[PDB]
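S.K.: what would the 3D arrangement of this be:
(6 chains)
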Amino acid sequence: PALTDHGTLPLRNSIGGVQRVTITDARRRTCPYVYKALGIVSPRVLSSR
Amino acid sequence: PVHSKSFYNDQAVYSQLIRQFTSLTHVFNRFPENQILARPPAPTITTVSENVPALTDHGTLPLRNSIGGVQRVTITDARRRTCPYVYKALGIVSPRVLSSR
Amino acid sequence: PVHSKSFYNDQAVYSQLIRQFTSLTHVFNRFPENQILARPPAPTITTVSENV
Amino acid sequence: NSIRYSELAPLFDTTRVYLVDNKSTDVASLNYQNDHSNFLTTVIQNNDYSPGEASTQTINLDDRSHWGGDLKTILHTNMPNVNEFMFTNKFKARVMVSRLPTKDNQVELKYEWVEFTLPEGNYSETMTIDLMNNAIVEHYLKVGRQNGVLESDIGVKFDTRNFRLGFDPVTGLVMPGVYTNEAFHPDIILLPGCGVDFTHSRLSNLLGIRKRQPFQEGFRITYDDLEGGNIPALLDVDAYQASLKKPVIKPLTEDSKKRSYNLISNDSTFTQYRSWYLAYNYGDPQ
Amino acid sequence: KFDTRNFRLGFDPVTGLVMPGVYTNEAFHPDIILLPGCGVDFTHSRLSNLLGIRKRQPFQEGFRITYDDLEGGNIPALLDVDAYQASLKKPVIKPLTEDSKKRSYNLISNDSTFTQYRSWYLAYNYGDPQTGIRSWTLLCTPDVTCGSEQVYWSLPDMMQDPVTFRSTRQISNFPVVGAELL
Amino acid sequence: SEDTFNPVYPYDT
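M.R.: Numbering: from 1, shown residues only, chains lettered A, B, ... in the order given. Here you go:
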């Protein structure tokens, strides 16, 4: 069980209620061997308009 | 990404006396009589290489004024040349503003 | 960059009784009679250095 | 603050441009010669324009401010322990070529440096040593036994044990009658007029033999340089207990099948086998 | 027939036969032994990397490796041992044809020493490095995982489109936010 | 037999 460190990623103007967690493969398809797949997101302000 | 895997074979020396029977021909031990030209005693703790997929952390690097469509990912060696033993080689880049002109 | 690699040799003590045969000369165990000047019993879990 | 994608819609700060190796197959037309070392990839990823495309299109960045993000790559190789690439398969070593009788009573001995070659694959430090000596044997089975040299005086032999643990400071011979069977550290045993070249070999480091000044090219280590490390000859065991004056002084010359240990003379105790391990912490450190 | 040992360690450059009378029992690296007119396809198989046999140019589809391509790697036949010590002229030259239960090694002829068993390991560092197999293949580390293929992550209804990615609704083209190794 | 010199190494048997 890995514990990666993904970099900063912009968010939408209005986060949905029901998200869609996908885990694509190399040939672009589902990987029927996923036992655990959760994510933590800590949003922060970047820059004004 | 090449490492050293420390083991432990207490069978050593004692496995040597048995490996001559596991194998069908004493290739290495052609002179089991001579006390100098014999087979070198198997040392304890055998180290063997193990290719472990690394996950480094490279520092911040400036970008061009216009990123190309078709990039060129190169992985040079010490003598400056190709390494025909690369299975996987991908990179993630997260650009950000540094300073104005 | 020097580490400690924890192992596990259940063959200990029992390998001692066999190593005297793997090797051709009892160098360390020169006194297999004396119960004090003998060869120190091989302890369990052998630690060996590994340059990482 | 806007990274243009030419089309779609520009995104603000904190973006991600991936450079994967799974895109080479699709670019069929650039990497049709290079294998994962210097291949070209499309950092576009739209998802509806087929495999390769957008070669002309450029991912713009503003003229007013310069960017500069991270680079968390994910490498993974599969390089063998020994191969032609890393220069670990070959290793030179001057061994005896021939040894016959010419001139009437003279005995001319010829030696010539020969580059050896090891197979691709096999790992483990012990297994590599046995192969280094296996190459010494295959050389003898093609040049040696057919010209003159015997199976006894075979130059160059890699070992691992200490040839001085049973040595007594009085008699001068290995009392156990057999060298202690217990490895300590790899080295290089050599005979009169023969050595090992390592200028173009990384197998020197594997044995655990580095130079204090590695910046000087030329890792030559002949037999003439190993002064003060003669391997102490064995003791005649079947004669010591049988007689019991005592034999003691008399060293073991021959053995089973009869193969002389190559003693320097009929009086001394040492042989003509110079050891590297014995020349290190047992010789003169000056 | 897939093997792992080196069929040339006991080979003598004079007689031409494996003197030990038995191939050395000690594995070195996996390969692919082939007989006349037969090979192995690996265009749709990742089991090729497992054996430790990659192409120097993996970008070209078609990992075909027939018997015709393994020129210069004939497995040296064994030596008749029960005849060499028994006679002791010497048998030597005479190779081992049959054995227990009787199964011919398939010798090319009645005079030569080699058999019809082309080896891959022998065709690599023992053949001719200018026009042999060592021209398009490579002796790599086995690696059981097959490869280091990296997966993709995405969150469409939350994370903005990463630079050139576009909006859509299909599990085969979602906007990737960050890639990780399996 | 000499008389004074024990190699101090069980050589037997």
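S.K.: just give me the residue right at the centre of chain F.
M.R.: Centroid check for chain F by Cα atoms, centre = their mean gives residue F:6 as the closest residue, at 3.7 Å.
S.K.: secondary structure class for that residue?
M.R.: coil (DSSP: H, G, I helix; E, B strand; the rest coil).
S.K.: quick one, strands of the chain?
M.R.: Answering for chain A, as no chain was given. A:22-24 (DSSP state E).
S.K.: actually, chain E is the one I wanted.
M.R.: Counting by DSSP E, the strands of chain E are E:53-55, E:74-76, E:114-118, E:137-139, E:150-154, E:176-181.
S.K.: okay, those in a markdown table with distance to residue B:26 and mean neighbour count next?
M.R.: For the C-beta atoms, the positions are set from N, CA and C on the backbone; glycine is no exception. Putting those into a markdown table (distance: least, Cβ to Cβ, whole Å; neighbours: other Cβ atoms under 10 Å in any protein chain shown) gives the following:
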| stretch | distance to residue B:26 | mean neighbour count |
| --- | --- | --- |
| strand E:53-55 | 30 | 22 |
| strand E:74-76 | 18 | 22 |
| strand E:114-118 | 24 | 20 |
| strand E:137-139 | 26 | 23 |
| strand E:150-154 | 47 | 20 |
| strand E:176-181 | 45 | 21 |
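S.K.: of all the ones you listed, which one is nearest residue D:125?
M.R.: strand E:137-139 (18.8 Å; Cβ to Cβ).
S.K.: do the closest one and chain B meet at all?
M.R.: Yes - against chain B, strand E:137-139 shows contacts by Cβ under 8 Å from any Cβ of the partner chain at residue E:138.
S.K.: next one: stretch E:70-77
M.R.: No - judged by Cβ under 8 Å from any Cβ, stretch E:70-77 and chain B are separated, with a smallest distance of 13.1 Å.
S.K.: can you name the residue of chain A nearest to chain B?
M.R.: residue A:7 (3.8 Å; Cβ to the nearest Cβ).
S.K.: contact partners for that residue?
M.R.: B:92, B:94, D:14, D:16, D:69, D:70, D:72, E:178 (Cβ atoms under 8 Å, 6 or more residues apart in numbering or on different chains).
S.K.: coming back round to it: right, and the strands of chain E - which one's nearest chain D?
M.R.: Per Cβ to the nearest Cβ, nearest to chain D of the strands of chain E: strand E:137-139, 3.3 Å.
S.K.: quick check: residues of the stretch 51-200 of chain D near chain A?
M.R.: Counting by Cβ under 8 Å from any Cβ, the stretch 51-200 of chain D sits next to chain A at D:69, D:70, D:72.
S.K.: how far away is the last one from residue E:150?
M.R.: Computed as Cβ to Cβ, to the nearest Å, the residue D:72 to residue E:150 distance reads 12 Å.
S.K.: can you check the first one too?
M.R.: Taking Cβ to Cβ as the measure, residue D:69 and residue E:150 are separated by 19 Å.
S.K.: one more: residue D:88?
M.R.: Taking Cβ to Cβ, one finds residue D:88 at 30 Å from residue E:150.
S.K.: helices of chain D, start to end?
M.R.: In chain D, the helices defined using DSSP state H lie at D:125-139, D:145-147, D:203-207, D:237-243, D:276-281.
S.K.: tell me the most buried of the ones you listed?
M.R.: Comparing these by mean neighbour count (mean count of other Cβ atoms under 10 Å in any protein chain shown), helix D:125-139 ranks first with a mean of 20.
S.K.: next, the angle from it to strand B:47-51.
M.R.: Put simply, helix D:125-139 runs at 100 degrees to strand B:47-51, going by axes from the mean of the first three to the mean of the last three Cα atoms, to 10 degrees.
S.K.: touching chain C at all, helix D:125-139?
M.R.: No - applying Cβ under 8 Å from any Cβ, one finds helix D:125-139 out of contact with chain C, separated by at least 13.1 Å.
S.K.: helices or strands next to that helix in the packing?
M.R.: strand D:115-117, helix D:203-207 (3 or more Cβ pairs under 8 Å, 6 or more residues apart in numbering or on different chains; DSSP states H and E).
S.K.: so which of those is nearest residue E:110?
M.R.: strand D:115-117 (32.5 Å).
S.K.: return the distance of that closest one from the chain's centre.
M.R.: 11 Å (Cα atoms, centre = their mean, to the nearest Å).
S.K.: flag every buried residue along it.
M.R.: residue D:116 (16 or more other Cβ atoms under 10 Å in any protein chain shown).
S.K.: for residue 47, give me its contacts.
M.R.: I'll assume chain A. Counting by Cβ under 8 Å, 6+ apart, residue A:47 has contacts D:1, D:12, D:13.
S.K.: my question was about chain D, not that one.
M.R.: Contacts of residue D:47 (Cβ under 8 Å, 6+ apart): E:165, E:166, E:168, E:170, E:172, E:173, E:174.
S.K.: and the fourth one, how many neighbours?
M.R.: As a burial measure, residue E:170 scores 9 neighbours (other Cβ atoms under 10 Å in any protein chain shown).
S.K.: swap in the first one?
M.R.: Counted by other Cβ under 10 Å, the residues lying close to residue E:165 total 25.
S.K.: residue D:197 against residue D:113, yeah?
M.R.: Yes - at 6.6 Å, residue D:197 counts as touching residue D:113 under the criterion of Cβ atoms under 8 Å.
S.K.: where do the contact lists of those two overlap?
M.R.: D:92, D:93, D:94.
S.K.: could I get those as JSON lines with distance to chain F?
M.R.: Putting those into JSON lines (distance: Cβ to the nearest Cβ, whole Å) gives the following:
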{"residue": "D:92", "distance to chain F": "41"}
{"residue": "D:93", "distance to chain F": "36"}
{"residue": "D:94", "distance to chain F": "38"}
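S.K.: most surrounded residue in these?
M.R.: Busiest of the shared contacts of residue D:197 and residue D:113 [other Cβ under 10 Å] is residue D:93, holding 24 neighbours.
S.K.: contacts only, for that one.
M.R.: D:113, D:114, D:116, D:136, D:155, D:156, D:194, D:195, D:196, D:197.
S.K.: which of those count as buried?
M.R.: D:114, D:116, D:136, D:155, D:156, D:194, D:195, D:196, D:197.
S.K.: pull the contacting residues for the second one.
M.R.: It stands for residue D:116. D:90, D:91, D:92, D:93, D:132, D:135, D:136, D:139.
S.K.: cutoff 6 Å now
M.R.: By Cβ atoms under 6 Å, 6 or more residues apart in numbering or on different chains, the contact list for residue D:116 reads D:91, D:135.
S.K.: go through the contacts of residue D:93 and name the one nearest chain E.
M.R.: residue D:116 (12.1 Å).
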